[PDB]
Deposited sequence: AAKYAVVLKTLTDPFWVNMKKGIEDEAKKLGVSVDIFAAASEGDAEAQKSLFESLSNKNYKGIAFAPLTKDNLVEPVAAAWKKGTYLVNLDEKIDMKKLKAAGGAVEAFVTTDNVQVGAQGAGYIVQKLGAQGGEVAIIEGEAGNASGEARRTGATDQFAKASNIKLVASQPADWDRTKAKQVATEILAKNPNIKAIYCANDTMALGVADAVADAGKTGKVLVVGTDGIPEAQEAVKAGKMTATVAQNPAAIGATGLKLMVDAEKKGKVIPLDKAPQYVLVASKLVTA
């Protein structure tokens, strides 16, 4: 029988499918039975909460979970912690203040570090530009967004380590493809010698690629996105983008399972899973 359960988000896009496959592969490697649940109703906080609650009568030793919101799983996670269940928070961090106030905790949090995501995108640009270096830009998300600001910070800090890389622009395009095209055109007009643009998500990077194409500069300006959405993966294969920085949901799920298995053989353990560069 399964000592371990995982509650994912709805299996309607490749990220959660790939996390499920990574858990299954890790379960094979570790030789353990694991039950993997997701709600059929996508974007549905209470459905996921109810799904989690339905596991209370089963006897899982460990449950890993990727909450839809920071709030929606607080009560079932608290009830599980109080029963002695080993708990691993995956992906988005549960509201720890509310979880504590509910008398619960988690033992581990496995996630992607968005600062490292930005540093990874910027670092790839730095490698690609080699000894000559050159001018670069960041196309930011909505200002103040936690993930976008972390990506901006990580890219900015990484660029700042290379003395012959000059950050000539860092500007918000608000997660909008059309706005990112306009902003990239503005940067291209002001900095015609620009060599690379890191973009805090792929939707914006695809608009940046459109601006670069309109300017006749495809291949002459590197364009690096973030998230690895299918259209960006296709753009990378077609040479319309240089790369995109993708999370590794399979490794997040595998790591989550391994933490639970290892627990069976206080601040939670914080495990960061590196993103993967998608290139041609």
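One segment of the deposited sequence has no coordinates for C-alpha: 266 to 273, numbered from the first residue.
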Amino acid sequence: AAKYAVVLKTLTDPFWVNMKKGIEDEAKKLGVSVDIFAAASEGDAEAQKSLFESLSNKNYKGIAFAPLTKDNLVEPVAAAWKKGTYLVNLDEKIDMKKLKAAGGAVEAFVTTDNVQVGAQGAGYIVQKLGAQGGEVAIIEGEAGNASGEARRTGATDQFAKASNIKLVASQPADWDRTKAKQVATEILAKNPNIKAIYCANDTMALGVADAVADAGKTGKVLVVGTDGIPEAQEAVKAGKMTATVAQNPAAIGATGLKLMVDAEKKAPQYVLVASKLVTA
From here on, numbers count along this sequence of modelled residues.
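For the pair 8 to 16 and 21 to 29, the mean B factor over Cα atoms is greater in 8 to 16. A summary of the deposited B-factors shows that, of 234 to 242 and 247 to 255, the stretch with the larger mean C-alpha value is 234 to 242. Per the deposited record, 100 carries the highest C-alpha B-factor of all listed residues (195, 190, 100, 152). When the CA B factors of the chain's modelled residues are split into thirds, the value for residue 179 lands in the middle one.
Per-chain ranking of the deposited C-alpha B factor places residue 214 in the middle third.
Ranked by Cα temperature factor within the chain, residue 225 sits in the lowest third according to the deposited record. When all modelled residues of the chain are sorted by CA temperature factor, residue 124 is found within the middle third. In this PDB entry, residue 114 carries a Cα temperature factor that places it within the middle third of its chain's modelled residues.
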